[PDB]
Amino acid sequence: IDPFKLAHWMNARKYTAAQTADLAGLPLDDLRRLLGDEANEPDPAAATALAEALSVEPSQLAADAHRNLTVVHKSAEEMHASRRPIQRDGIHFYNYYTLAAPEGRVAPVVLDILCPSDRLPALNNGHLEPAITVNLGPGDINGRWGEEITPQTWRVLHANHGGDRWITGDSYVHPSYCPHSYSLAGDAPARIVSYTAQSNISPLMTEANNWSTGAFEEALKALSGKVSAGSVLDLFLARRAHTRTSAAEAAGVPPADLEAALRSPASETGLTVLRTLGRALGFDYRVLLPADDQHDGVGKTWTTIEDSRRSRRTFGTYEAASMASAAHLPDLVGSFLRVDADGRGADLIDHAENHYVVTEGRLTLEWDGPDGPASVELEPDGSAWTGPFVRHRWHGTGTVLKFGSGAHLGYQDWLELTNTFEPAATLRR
């Protein structure tokens, strides 16, 4: 039982501790203790009786199985032992291996690319999640993103043949739902990492699936065409039983200045008009500003070896180079990291989760956890996961790939945290 969730539902019903206990048929002392992160109670407890009393499903009071996780790690031997062949199109098409992840969560995947160069690789179905895909080498592979073979649907993801093999190969971001597959570009073997992030539209979709079909169709219509500052603003105004005319009046804004602002929301007139309207009507103007037009090719995010080389920089004690990124997918990140020292590692603290895989060297990952300082030694194909805000560092001489994903803190939490009075106190509270 999550005491945060229990307290929330007691407050929602306006029941006291005593009333909740009586309603549920439970000892009060047990409920007072349940308001205390972990004790023994919950399991043989009546999560069931509390659920019934508070008119919720038992899972709405359930505590997460992860508690206090900081770091999870998986040795090269364990990774190799995870191997699963995938048959497709009559052949042994891939091997797939799982990297470190908390139990239950989505594990990053390494694939052996086994479809030969003289067979067109049969497509998969696609998936909601966006992914960063990087070629580990040693061989070039073909990427396929469509039925028909064209420059837009078939392109070589090169492996690095040169020096600076800590930059392993080309990378790109796969768009949501695009079917994809890979074959070898020639005779040399190859592996890839495919790293997915959480879809941030997933919570919406989950709820929308449960809407009536009528309401679903109305939602789609609302979202069709270009989703512009104007189309969005008009839904905000309808929400508040306003028209463009009444809204402009309430905010002290001339009609023509609102129209001009909707034509160029990121202009100087634009931002000030929208902000003045948001203040007056109770909305956040930031969500009306432009993001980039979208482009469903892989051309825009595609990142070559040479791109990554040109990106090289010192990052504390590390050397870093960029993998592909997409400004429409702010919570998905990938970097190549070169490590080169025995102690004194620059502390890494990230605002969400990391997944790491070692590609060269016997590296040491250190962290500060609930039991004090902790460390693990990882060889190539060894991997780790770090929770948000877990302070850690790498020592040794080697290379690691650093991936990042996570809803918390993600870019949508950032937007809200900027609207929050004293966010740190709220969290402490």
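The numbering used is simple: start at 1 and walk along the sequence shown.
- Per the PDB record, of the two stretches 191 to 199 and 255 to 263, 255 to 263 carries the greater mean B-factor over its C-alpha atoms.
- The PDB entry reports B-factors from which the mean C-alpha value can be compared for 176 to 184 and 94 to 102; the larger average falls on 176 to 184.
- Among 16, 405, 418, 412, the highest C-alpha B-factor recorded in the PDB entry belongs to 16.
- Across 293, 112, 218, 170, the entry's maximum B-factor at the CA atom is seen for 293.
- Ranked by C-alpha B-factor against the other modelled residues of its chain, residue 132 falls in the lowest third.
- The entry lists a Cα temperature factor for residue 276 that places it in the middle third of the chain's modelled residues.
- Per the PDB record, residue ranking by Cα B-factor puts residue 140 in the lowest third of the chain.
- Annotation for residue 223: C-alpha temperature factor in the highest third relative to the rest of the modelled chain, per the entry.
- Split the chain's modelled residues into thirds by C-alpha temperature factor. Residue 375 is in the middle one.
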